[PDB]
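1. Here is the input, now give the coordinates:
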Amino acid sequence: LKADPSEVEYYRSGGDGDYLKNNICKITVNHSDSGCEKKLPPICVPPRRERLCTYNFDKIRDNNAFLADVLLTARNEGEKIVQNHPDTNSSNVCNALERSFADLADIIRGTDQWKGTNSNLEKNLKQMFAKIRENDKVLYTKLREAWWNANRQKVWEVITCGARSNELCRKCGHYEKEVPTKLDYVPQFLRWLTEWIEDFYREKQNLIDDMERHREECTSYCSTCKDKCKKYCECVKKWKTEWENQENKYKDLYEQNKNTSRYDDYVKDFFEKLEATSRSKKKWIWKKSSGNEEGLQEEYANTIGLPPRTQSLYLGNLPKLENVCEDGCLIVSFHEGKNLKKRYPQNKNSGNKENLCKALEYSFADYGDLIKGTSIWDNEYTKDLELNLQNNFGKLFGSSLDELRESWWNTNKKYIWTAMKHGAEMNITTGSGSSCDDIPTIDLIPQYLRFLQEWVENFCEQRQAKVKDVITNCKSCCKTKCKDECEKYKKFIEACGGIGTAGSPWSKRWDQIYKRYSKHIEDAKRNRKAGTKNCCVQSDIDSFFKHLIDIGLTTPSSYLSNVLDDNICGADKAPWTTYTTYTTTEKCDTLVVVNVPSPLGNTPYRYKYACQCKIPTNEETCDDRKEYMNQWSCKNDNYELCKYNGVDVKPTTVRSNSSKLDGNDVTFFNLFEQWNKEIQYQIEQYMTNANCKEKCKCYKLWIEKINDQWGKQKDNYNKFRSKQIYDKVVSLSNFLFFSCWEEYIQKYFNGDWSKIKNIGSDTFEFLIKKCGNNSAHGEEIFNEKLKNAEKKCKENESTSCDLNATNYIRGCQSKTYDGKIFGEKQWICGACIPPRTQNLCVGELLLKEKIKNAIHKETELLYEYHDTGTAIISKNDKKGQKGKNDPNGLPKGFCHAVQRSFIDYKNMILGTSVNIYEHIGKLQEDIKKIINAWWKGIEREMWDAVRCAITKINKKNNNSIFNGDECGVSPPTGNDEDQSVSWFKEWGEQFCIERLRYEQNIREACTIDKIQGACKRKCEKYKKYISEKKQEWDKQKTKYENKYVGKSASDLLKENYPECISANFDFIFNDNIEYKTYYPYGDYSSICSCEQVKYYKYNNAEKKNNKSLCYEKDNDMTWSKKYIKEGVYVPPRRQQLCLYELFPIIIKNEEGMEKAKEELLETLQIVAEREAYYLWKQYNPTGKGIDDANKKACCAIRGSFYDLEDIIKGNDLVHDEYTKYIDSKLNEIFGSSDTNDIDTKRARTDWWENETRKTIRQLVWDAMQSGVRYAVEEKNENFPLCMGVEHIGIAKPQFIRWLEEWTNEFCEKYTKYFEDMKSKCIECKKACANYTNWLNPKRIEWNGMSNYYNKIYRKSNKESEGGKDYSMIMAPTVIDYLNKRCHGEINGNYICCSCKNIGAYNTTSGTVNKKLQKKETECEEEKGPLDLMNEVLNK
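-> Numbering: from 1, shown residues only. And now the structure:
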């Protein structure tokens, strides 16, 4: 042993250092300075040469690479000797393994007997030793001995990791002993002689047994017998001659004999020395088994325990020999049958007709798994039982030995099961002793799952027994007679001292079981390439678990729920998926919240706040629902801190009233600053958001709570103002106004832009209306918002005409619509003027009747024209009037046109801010000068007239029922103005219709390489149309942003019109320079050009791939929760990924998988390359040669790759303009409409993983590596070491990666800002302002992330809110998941976060309670004057 460590290097021509250090043997060919071909088919000539490798000059960094190379060589040798299986007898399979290990160890500058080109290896080893000896520390042999000790301690846990054939046992050597078991520290001559004699014996004994068998198998055999005898006599005399030669060599060595190669000295010393049947019940052992003690195996340590049935089985007593007997191929079956018939009475003790069938099933399954040799109970009579079974099978059946065992079990299990039911006379194969089930009784399940099921059933029996008494006495009838049973049940549930659990709380056992299940799932999903659906895997633990993960039983709770039936667990219908949280268990002062499955819980299911015989506590019902919650706990009348749930308010410890403003009041100011923002955000969220009786009961409780909190906060602020005046502080209204302005500026303006006054002219109206007017009215706006919030529920919980007006047909005639049916008008973009608005039935212009008749005639004409059919607003095929038919039987878009005309007339009569012809403006101004309940009455009369018109039309046509309710009788109730927004919507609908028509025309006339036919004209017309519509959209979007700066235009235009679902205004109206060169045809280059796309690799000529719309990444972005289908934020990195090249091909392909696959592959490769190049150029500006920047860039690239993988696999969370249509078209292409979404997702995952040379994953990774190389080429630097690795682990859920990125960014920003502030704190004011501005939203972000994490922290596919797997989390809460994950340095492969905030301070760092104590009063005193200056400037 020595202190010199090794195997801790990183990126030495290998995967990464993080993969190792777990005492595992995954090491691949890489990492050994190179990227065993010498393998044979199998004085002295031993076989060492055919079981050795030669994979072993200034390229190695230190001893780490050498040790890694030797470990890789040892692992390869072990894998070779295991897979080859020179002797499948399984009796001596690892003796050769340890002999080869000893030979390899001795090859390291020791006794070398290799006859051949052995000089190069020794020369290289000597050079390596000299290189490592360059540093002179201690007077060559010492370093060699230390390295040998390290190799001895390490490789023994790597080479033996493959074989598991067999004082611990069940694995040759020891993969888990942590100390070498046996060392072959003997001369190589004696070891080789021993191996030779062992091989000779093993061969000759088996051959003579085979010859004896063949002698009786026959019935010139005598001639063959004598020839074989002569050959074996020749072999014997040859062996005798070899023995004599070895004896002569030993004599010569002894004659020559008559710390300086200690091995040789010890060899000489050794040479001189030589020359000179009833088992009681059990307790469900939950501990690992010792050499001669019961318990689980090392791998299943502290895992599910052994039921008493397994420890009382008849077979697990001694070797396979019957108790009553004194002692073939068929004899084994008879022995097994007799053993089964003897075991049956032992299990017959429990007399039942339902509890015995399951016991027999489990016993049969355990017998099968023990016969196969895959058991884990491993009592004191298991190590020898397997050896005896192997010896018996070798002489009876001597592919592999495990497969033969499985085949024998599958063939004989019928008789084995029929013999365990009182069977003496075996028939050919109810009336027997037992009738559990049918003959097969298939129970091919791993022992772990069966043990879990048995333990769950045993626990549930006692649970039912207890809850029966708890319910029979507490069925709502309980002053004192019920408390006893409830207390007894609570004690039983949490008793850290019933049957099982090995005297430990059920929670710890459940946690261990869940951890083991997660480990099994990870092992079967990550390191297992042989999945299911294989030519339906026969039997394997990894294969079976893959079936469960594919089905959705990722977590043990789902499997337990699926298996258990009839709700026998308690009989109160307690589900296993639902989780229950109780305060704590006192057994083994401080309370720790414990969350477990519902059955475990703390009391009978749904008996919370009722097991005590109390009132329903409606407040508790509202709180427990986890909906509409507020995490605030607001005669002295001094201060009401209103501490947020969690960290407690602490004194600043630095405030002083001597020559200062005040102390102890800054905490209240910070609390109010956080409160007025959190409550505002909650109110907005609940306003945007809509059994409803209880929902509004909880909502009203929340409203009252927030009202009381606001009153208390107002009183506290009044007291603060009085205290400040006692010795200037802004009032509450001024503070609210400043908060509103700051919140609206930070999101849009970058860091409180200096010229706050300069803002969009239209945005001033919005800011003054929604914050308030010039005068301070902060309280009024909050009160109005509260009133609106209350009114939200107040409204939610609520749920003749015969005169002939067709006689005056004059003045208006058939208008010239947008068509040639016998001169077409176009948009004129104030904002815009729709074609219908410029010309209407206003040719006539007592007045009321004239207007009523005019609108009557206009509506009649519009309806008639729509019925006639048109291609301006209605979509139809070439024939027309077919396919698109409204269910009511009316044309399409008639209601919208009527509403728009009515709104236009209303605005005309009212004369609002509408851009129209000058003469029309003068006319309406004069009308207003000549002349608002009367307006409402006139509108009602107009609506009644329209309804009468509709009724008359229905009567004259008689097509369906229409009483003026074709689309709604109520007037347009749109709160937003319907003048500009209506015009924008009409323009959007027209654009949708025309774009769809152009798509159809192009795909019908340009489907079947330059362009010479009709494609040119159509595409040119489309290009001109797209240019015009791009100008129009630019103007309209500018107007909308100046008017509505918060909401977006694309979402509004696409949500209200199903026509534009494949229209992406971001791509169609791109303002970049490449949009006119690379995609000159406006989103249809792939169709109009009729060309083909390809990805060109690095080794190609100058024809590079520089056709992309990628834009240089930005650094001043912020996290946004938009475009998401709760409490999860999209990182800025995901908001900048290149998805522009995917849309054209996506919309191009339709049911064309044959070519769509290649198109998507090439485009994805190009996109990945461009994204990697741009990210690398972003994270390494000015060509700085630093390591941390490279690690950050590699982490960002890997995150982008994982995001792309999730997008392609359909596991994406955000639905942006691109992603929505991308996913829709991917679902449409893969599979079909008949297939369920699960099948399509599975097909997509299979296509992403496998090719159906290299997989798509590897191709994309190579594309990203090529992009990184291109990025580096511009700086003439060294290729990064974190991008030259091919293997990558399976991606975690996107939420976890987003949370890790958020934590890393927050820690980096915190460190930067705190260092800047402390080193400068007259610049402390700006530092404090920046710190507060950056920290204010992070608190809300962290709260949302923590809430979402707690929602699905350890859920599964069928348990989590979303359709995603989260069983790998295994984290009690968010904070502890960030511990040990953001502790070490950044590595670039796995570790991508570093934070010096491991403790429970992130929830406090979000506030200013502790970390900002020394700079709290200072920052407050800078903000005060800043607030005053900003307020006076705004005022």
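
2. hang on, residue 756 packs against residue 767?
-> No: Residue 756 is not in contact with residue 767 according to C-beta atoms under 8 Å; the separation is 10.5 Å. Just so you know, the C-beta spots here come from the backbone N, C-alpha and C atoms, and that holds for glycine as well.

3. shared neighbours of those two, which are they?
-> residue 741 (C-beta atoms under 8 Å, 6 or more residues apart in numbering).

4. More neighbours: which of the two?
-> Taking neighbours as other C-beta atoms under 10 Å, residue 756 and residue 767 compare with residue 767 leading, 17 against 14.

5. which SS class is that one?
-> helix (DSSP: H, G, I helix; E, B strand; the rest coil).

6. Next, the contact list for it, please.
-> So residue 767 contacts 741, 744, 759 (C-beta under 8 Å, 6+ apart).

7. which element is the second one on?
-> Put plainly, it is residue 744. Applying DSSP states H and E as the criterion places residue 744 in helix 732-748.

8. ok now that helix, how far from the chain's centre?
-> Here helix 732-748 is found 37 Å from its chain centre; the criterion is C-alpha atoms, centre = their mean, to the nearest Å.

9. So for that helix, could I get the coordinates as PDB, restricted to C-alpha?
-> Output of helix 732-748 as PDB, limited to C-alpha atoms (Å, rounded to 0.1, in the frame of the first residue of the first chain):
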ATOM      1  CA  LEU A 732     -47.500  54.600  -0.400                       C
ATOM      2  CA  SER A 733     -49.100  55.800  -3.600                       C
ATOM      3  CA  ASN A 734     -45.700  57.100  -4.800                       C
ATOM      4  CA  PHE A 735     -44.000  53.800  -3.900                       C
ATOM      5  CA  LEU A 736     -46.600  51.900  -5.800                       C
ATOM      6  CA  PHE A 737     -46.300  54.200  -8.900                       C
ATOM      7  CA  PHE A 738     -42.500  53.800  -8.800                       C
ATOM      8  CA  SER A 739     -42.800  50.000  -8.500                       C
ATOM      9  CA  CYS A 740     -45.200  49.900 -11.500                       C
ATOM     10  CA  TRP A 741     -42.900  52.000 -13.600                       C
ATOM     11  CA  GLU A 742     -39.800  50.100 -12.600                       C
ATOM     12  CA  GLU A 743     -41.400  46.700 -13.300                       C
ATOM     13  CA  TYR A 744     -42.600  47.900 -16.700                       C
ATOM     14  CA  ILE A 745     -39.200  49.300 -17.600                       C
ATOM     15  CA  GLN A 746     -36.900  46.500 -16.400                       C
ATOM     16  CA  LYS A 747     -38.700  43.900 -18.600                       C
ATOM     17  CA  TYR A 748     -38.500  46.000 -21.800                       C
END
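
10. wouldn't residue 9 be in contact with residue 66 here?
-> No: taking contacts as C-beta under 8 Å, residue 9 lies outside contact range of residue 66: 10.3 Å.

11. Who has more neighbours out of those two?
-> residue 66 (23 against 18).

12. what's the distance between the helix or strand harbouring that one and the middle of its chain?
-> Residue 66 is part of helix 63-84, with elements assigned from DSSP H and E. Centroid separation for helix 63-84 versus its chain: 34 Å, with C-alpha atoms, centre = their mean.

13. Go through it and flag the buried ones.
-> 63-82 (16 or more other C-beta atoms under 10 Å).

14. what's the burial count for residue 1147?
-> Residue 1147 has 20 nearby residues by other C-beta under 10 Å.

15. One more: residue 459?
-> Using other C-beta under 10 Å, residue 459 has 20 other residues around it.

16. Spatially nearest residue to it (excluding sequence neighbours)?
-> In this structure, residue 459 finds its nearest non-sequential neighbour in residue 500, 6.7 Å apart by C-beta to C-beta, 6 or more residues apart in numbering.

17. Does the one you found fall in a helix, a strand, or a coil region?
-> coil.

18. and it, how far is that from residue 968?
-> 65 Å (C-beta to C-beta, to the nearest Å).

19. same question, residue 1328
-> Distance from residue 1328 to residue 968, by C-beta to C-beta: 55 Å.

20. and what of residue 122?
-> Distance from residue 122 to residue 968, by C-beta to C-beta: 94 Å.

21. what about the two, which has more around it?
-> Each of residue 122 and residue 968 has its neighbours counted (other C-beta under 10 Å); residue 122 has more, 15 against 11.

22. Make sure that one is indeed in a helix.
-> Yes: counting by three-state DSSP, one finds residue 122 located in a helix.

23. Pull the contacting residues for residue 263.
-> 106, 110, 111, 185.

24. Could I have the PyMOL command that selects the buried members from those?
-> This is the PyMOL syntax for the buried subset of the contacts of residue 263, where burial follows 16+ other C-beta under 10 Å:
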select buried, resi 106+110
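
25. quick one, helices of the stretch 501-650 of the chain?
-> Assigned by DSSP state H, counting those that start in this stretch, the stretch 501-650 of the chain shows helices spanning 506-526, 541-551, 556-563, 618-624.

26. Of all these, which one is nearest residue 457?
-> Closest of the helices of the stretch 501-650 of the chain to residue 457 is helix 556-563, at 9.5 Å (criterion: C-beta to C-beta).

27. Give me the angle between that closest one and helix 506-526.
-> 90 degrees (axes from the mean of the first three to the mean of the last three C-alpha atoms, to 10 degrees).

28. buried sites along helix 556-563?
-> Buried-residue list, helix 556-563, by 16+ other C-beta under 10 Å: 556, 557, 558, 559, 560, 561, 563.

29. now do stretch 757-770
-> 759, 763, 766, 767.

30. give the contact list for the first one.
-> Going back to what we said before, that points to residue 759. Contacts of residue 759 (C-beta under 8 Å, 6+ apart): residue 767.

31. and with 10 Å instead?
-> 744, 745, 748, 749, 753, 766, 767, 1042, 1045 (C-beta atoms under 10 Å, 6 or more residues apart in numbering).

32. repeat for the second one
-> With contact taken as C-beta under 10 Å, 6+ apart, residue 763 is in contact with 744, 748, 1041, 1042, 1043, 1044, 1045, 1046.
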